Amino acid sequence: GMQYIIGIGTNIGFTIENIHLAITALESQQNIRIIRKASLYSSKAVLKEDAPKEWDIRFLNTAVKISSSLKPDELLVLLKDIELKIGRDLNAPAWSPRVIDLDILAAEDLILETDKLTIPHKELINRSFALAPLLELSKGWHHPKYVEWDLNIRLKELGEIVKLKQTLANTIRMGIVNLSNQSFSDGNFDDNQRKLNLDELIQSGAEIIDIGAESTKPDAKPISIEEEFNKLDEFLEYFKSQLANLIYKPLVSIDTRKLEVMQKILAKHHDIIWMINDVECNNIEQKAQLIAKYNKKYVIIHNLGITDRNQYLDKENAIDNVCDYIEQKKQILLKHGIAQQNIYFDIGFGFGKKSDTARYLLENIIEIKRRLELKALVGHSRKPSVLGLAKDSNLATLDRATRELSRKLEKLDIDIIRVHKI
């Protein structure tokens, strides 16, 4: 059938989620095939000269190449219906922030000029955020009305665009933001290292950031609920101050084990939070009520709180042990009204597992995912057990092995990988 390039943009809400939901909606049609997804691109909002500053929020843009038996006017109707389902107000103030925009950028060499639909899109050749993903998908494409134009040169003329390292792949990377004393680096008149560390995660491609205040050191000083909350709160305030300018606004996960902390942080910051990553699922019943109320994603971790190393898990019954435990916590979440698609599992390599047990469980991650019918979060970064490394390996060695395992997990389409370095 006929090939089309669909342009997709967003500048409000959970931006990568918005794009993905538009693409899933297309892919769910039996009369559409997705041929290829482009890279993600970041640009400043193109606005009228007198627009309120509140509308000046960075866009996330891409495009998809599809084949379909739908004719152009039928495709347009579908796109409008997808916009509605995602939550767009089709009659909102032009130029104002929007959860999604879908445009038919091109249809092979078709030239269609009607009041309701022009193809190629009239502004294709004036918008770097539409031309760049289009040319990535169709390298030799010429605009059928302007065949002489070298569109690669035109794109350079337009400029004003960043090709991100965030992607539309099945595996998304969760970059670690540790606010404990392990990362303390305040100077006389600055506390900005975590600011450079946030930028490094964003630039390097992290789609999600996981913010936690607990140290990972054995025998670290424990922290009050107030101190944990305050550290998260501060960071979140900072993030909110910068949202509109970031080249890419990451999904935000909060890494805490304490119900109190989850309550107070959600009450204050729910609209910027995508997920709660729970380090120890004690009091899952009341945590489930809070996750239901705020419609967030939640991670069940296999952390049974084992302090006696002799009691660590052996490989031979490890699959059953992890499944039984996660299954029971899943069923509690489901009985509290949480949608199963909002629940992820994490084997928890550093919690109560022998090294061979950790390796064996990672080797069987896909079977575990199928058995539990839950998406997987893998936290392998700097963990010598799953990396197959000596426990005193240096950081360069830990990070190298981490990156190599990351590539392998991405090829296996693991849902989320939690890492220190992308």
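Numbering starts at 1 and follows the sequence shown.
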187 to 195 versus 75 to 83 - greater average Cα B-factor per the deposited record: 187 to 195
Mean Cα B-factor comparison, 217 to 225 or 169 to 177, giving the higher one as deposited: 217 to 225
Identity of residue with top Cα B-factor, from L40, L372, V386, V64: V386
Top residue by Cα temperature factor, when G205, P133, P120, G140 are compared in the entry: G140
Chain thirds of CA B-factor: placement of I368: middle
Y312 - which third its CA temperature factor falls in, relative to the rest of the chain: highest
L304, C-alpha B-factor rank within chain (lowest, middle or highest third): highest
Modelled-residue ranking by C-alpha temperature factor, third containing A390: highest
Among modelled residues of the same chain, the CA temperature factor third for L47: highest
